[PDB]
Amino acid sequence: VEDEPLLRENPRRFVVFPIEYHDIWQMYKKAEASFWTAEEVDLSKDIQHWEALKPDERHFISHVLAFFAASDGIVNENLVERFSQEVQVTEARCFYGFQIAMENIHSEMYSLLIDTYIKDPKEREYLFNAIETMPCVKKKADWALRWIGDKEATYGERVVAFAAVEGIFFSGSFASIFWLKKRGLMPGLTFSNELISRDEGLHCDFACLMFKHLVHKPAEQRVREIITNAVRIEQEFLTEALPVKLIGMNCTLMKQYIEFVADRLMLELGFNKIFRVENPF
C-alpha cells in the first residue's frame, strides 16, 4: 500500500493546487459540469402516464424502481466508509466528493418517482424496503453490500466490483427505461434516467481510471470473474425475476446487451473483451 501513489500517505492531501493528476482532475470537472437537482425533473405530467400503463408494465417499472431506491445509497455508503477514505489523492477525493453528492440526488429522484406513482402506502413501504422484502433486488444489493464489508479484498478488486455495480447492475434497467422512451412513455422516468446515466457513465469511467492508477491490482482472470458474476446476476434479474417481456422486450437481446456493457468495461479497464457481442439495440 505504501508503493501505491493513490493509497499511500499524502501530506499535501488537504490542498488542491498544484494539481498532480490532470486526468483525474478533468474527470471531476466533467462531473461538476453535469450537476443537476431532482427539482429540475418535471413529474407533473406523469401520474396520468402511470395510469395509462398496462398492469404488467407497471409491475415491471415499480420493481425496477424498488432496486434503484436503495442502490445509490449503497454506493454512497461504500464511498464514504471506504473509497473516499482510502484514496489519499486530492483530485480523486474531489471526484468522490461530487459522486457522493450526486448519488444522493439520484437517491432522492428515485424516491420522488415512487412517491409520484404509488399512492398506496402499503405498496410504497413494500418497494422502499425491497432489499428486505423483494428477493429479486435482495440478491443484487447483498452482492454490493458484501464488497463493502469485505475486509480482505483489495481496493483494486473492490473498485472493479463497484464499477460492475454502477455499470452492469444499472445497464439492464437503463436499457429497459430507454426502451420506454422509444415507445414514448413515462417522460419523467425517461428524463431522469438520461441524467442519471450520464452520471453513471462517469462513475464507471472514473472507477476504471482509479484502476489504471493502481500498481498492484487483481489479475485479468480475477477481473473477468467479478465482471462475469455481475453479468449473470443482472441477466437472471431481467429474464427471470423481472422479465423485460413484461414491457415488450426480447429477453435474449437484453442478455446480450448486458454482456456488451460488460465488454465495454473490460476495455475501459485495459483488458480484452469477454463476450465479443455487438450492442443489440
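Start at 1 with the first residue shown and count on from there.
- Message: Mean Cα B factor from the PDB record: higher for 147-155, or higher for 117-125?
- Response: Looking at the recorded C-alpha B-factors, 117-125 comes out higher on average.
- 217-225 versus 52-60 - which carries the larger mean C-alpha B factor in the record: According to the entry, 52-60 carries the higher average C-alpha B-factor.
- Query: Looking at 203, 106, 93, 139, which has the biggest Cα B factor in the entry?
  - Reply: Reading the PDB entry, the winner on C-alpha B-factor is 139.
- Item | Out of 233, 27, 242, 33, residue topping the C-alpha B-factor column of the entry | Answer, based on the entry's C-alpha B-factors: 242.
- Message: Looking at the temperature factor on the CA atom of residue 99, which third of the chain's modelled residues does it land in?
- Response: For residue 99, whose C-alpha B-factor we compare with every modelled residue in the chain, the answer is the lowest third.
- Task: Just say lowest, middle or highest third for the CA B-factor of residue 191 relative to the other modelled residues in its chain.
- Result: As the PDB entry reports it, the C-alpha B-factor of residue 191 lands in the middle third of its chain.
- Item | Third of the chain, ranked by Cα B-factor, where residue 22 sits | For residue 22, whose C-alpha B-factor we compare with every modelled residue in the chain, the answer is the middle third.
- For residue 211, the third of its chain into which the C-alpha B factor falls: Its C-alpha B-factor belongs to the lowest third of this chain's values.
- Taking the entry's C-alpha B-factors for this chain, is residue 74 in the lowest, middle or highest third? Middle third - that is where residue 74 ends up once the chain's C-alpha B-factors are sorted.
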